[PDB]
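Engineer: Questions regarding the structure given below will be posed in turn.
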Ligand SMILES: O=C(O)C1=NO[C@H]2CN[C@H](C(=O)O)[C@@H]12
Ligand SMILES: [Zn+2]
Ligand SMILES: [Zn+2]
Ligand SMILES: [Zn+2]
């Protein structure tokens, strides 16, 4: 019976600082796909909220002893009621927090330079001249680290051997792809956002897996199912479609 604490994280085009000449404060600072989603959900469910950025700026990963960080940890410690962000639904996280039904589907894939013979992840694993990596303590890093597939196990060996291969966030990864001979293992949504704005980059191959983003809540929260119902309502009303198209408009690359 009070406002909800919504934890999220700066990530284009999901959550961003609004551009304005006036000094903005509070929730009015933020814009993006997940901000629109949060507004729709708050309207359907009828609750007010306060948006807070994660301290460590990470999504969530487990260390050796099993301790979590990032938004996942924020939910575990009950520091936030909802995690409204591109939080990837993974079976590993499902045992620590609860996810709503997905509001967007995606998969792991490769971001790399255009015009290059490379066309798959195995091409990255079978050579060592072209460096590759992923975001630190993310769903992708956990995917390669806990993968039992031979190729992905070798790739995880390569990423883990180079401390510079794992980047802090998508930003550093994209810059690294632009400056060095480096391919970035990331999620297909971000790739789609980038390749429509940067015509020299492209996606290599298809989706290495298939999963979705969901709203995170502490385990056993009564708002998980309510948010699922709201997401289903928005899908029937076709609003997630027009939101996605709203924030994924591309300048266009010929
Ligand atoms: O791990 C990745 O490839 C990711 N890219 O951006 C973030 C979106 N969700 C993933 C997560 O929940 O960790 C992060
Ligand atoms: Zn209405
Ligand atoms: Zn709680
Ligand atoms: Zn459309």
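Numbering (this note's numbering), first residue to last: 8 to 261.
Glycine included, every Cβ here is placed at the ideal spot set by N, Cα and C.
Taking 8 Å as the threshold, find out whether the region 91 to 108 comes into contact with the region 123 to 140 through three or more Cβ pairs.
Structural biologist: No: the two stretches stay apart, fewer than three of their Cβ pairs being nearer than 8 Å.
Engineer: Can you give me the C-alpha to C-alpha distance between residue 104 and residue 228, rounded to a whole angstrom?
Structural biologist: Here residue 104 refers to the residue found at position 97 of the chain shown. Here residue 228 refers to the residue found at position 221 of the chain shown. Taking the straight line joining both Cα atoms gives about 9 Å.
Engineer: Please state the DSSP three-state secondary structure of residue 105.
Structural biologist: Along the chain shown, read from residue 1 onward, the residue named residue 105 stands at position 98. Strand at residue 105.
Engineer: What did DSSP end up calling residue 249 once you bin it into helix, strand or coil?
Structural biologist: Here residue 249 refers to the residue found at position 242 of the chain shown. Helix, per DSSP.
Engineer: Pull up the CB-CB distance for residue 281 and residue 111, whole angstroms please, since I reckon it's below 8 Å.
Structural biologist: This structure leaves residue 281 out entirely; the chain is present only between 8 and 261.
Engineer: Within 10 angstroms of its Cβ, does residue 196 collect 16 or more other Cβ (buried), or is it exposed?
Structural biologist: The residue you call residue 196 lines up with position 189 of the chain shown. Answer is buried; the Cβ neighbour count reaches 16.
Engineer: Verify the contact flag: residue 225, CB atom, against every heavy atom of ligand 3, threshold strictly below 7 Å.
Structural biologist: Counting from 1 along the chain shown, the entry for residue 225 is found at position 218. Yes - ligand 3 has a heavy atom lying nearer than 7 Å to the Cβ of residue 225.
Engineer: Tell me which residues share the same chain as residue 147 and place their Cβ nearer than 8 Å to its Cβ, disregarding the 5 neighbours each side in the sequence.
Structural biologist: Start at 1 with the first residue of the chain shown, and residue 147 comes out as number 140. Only 115, 141, 192, 193 and 194 meet the Cβ criterion.
Engineer: Below 8 Å, can you find three or more Cβ-Cβ pairs linking the region 220 to 236 to the region 77 to 85?
Structural biologist: These segments touch.
Engineer: Go ahead and pull the three-state DSSP assignment for residue 210.
Structural biologist: For the purposes of this step, residue 210 is taken as residue 203 along the chain shown, with counting starting at 1. The answer is strand: DSSP assigns residue 210 an E or B state.
Engineer: From residue 143 to residue 164, what distance separates their C-alpha atoms?
Structural biologist: Position 136 of the chain shown, counting from 1, holds the residue named residue 143. Position 157 of the chain shown, counting from 1, holds the residue named residue 164. Near 15 Å, if we compare the C-alpha coordinates of residue 164 and residue 143.
Engineer: Excluding sequence positions up to five away, which residues of its chain have a Cβ less than 8 Å from the Cβ of residue 25?
Structural biologist: Taking the chain shown and counting its residues from 1, the one referred to as residue 25 is at position 18. Within the same chain, residue 25 has close Cβ partners 31, 35, 36, 37 and 38.
Engineer: Buried or exposed, going by whether 16 or more other CB atoms sit within 10 Å of the CB of residue 177?
Structural biologist: Here residue 177 refers to the residue found at position 170 when the chain shown is read from its first residue. By the 10 Å Cβ count, residue 177 comes out buried.
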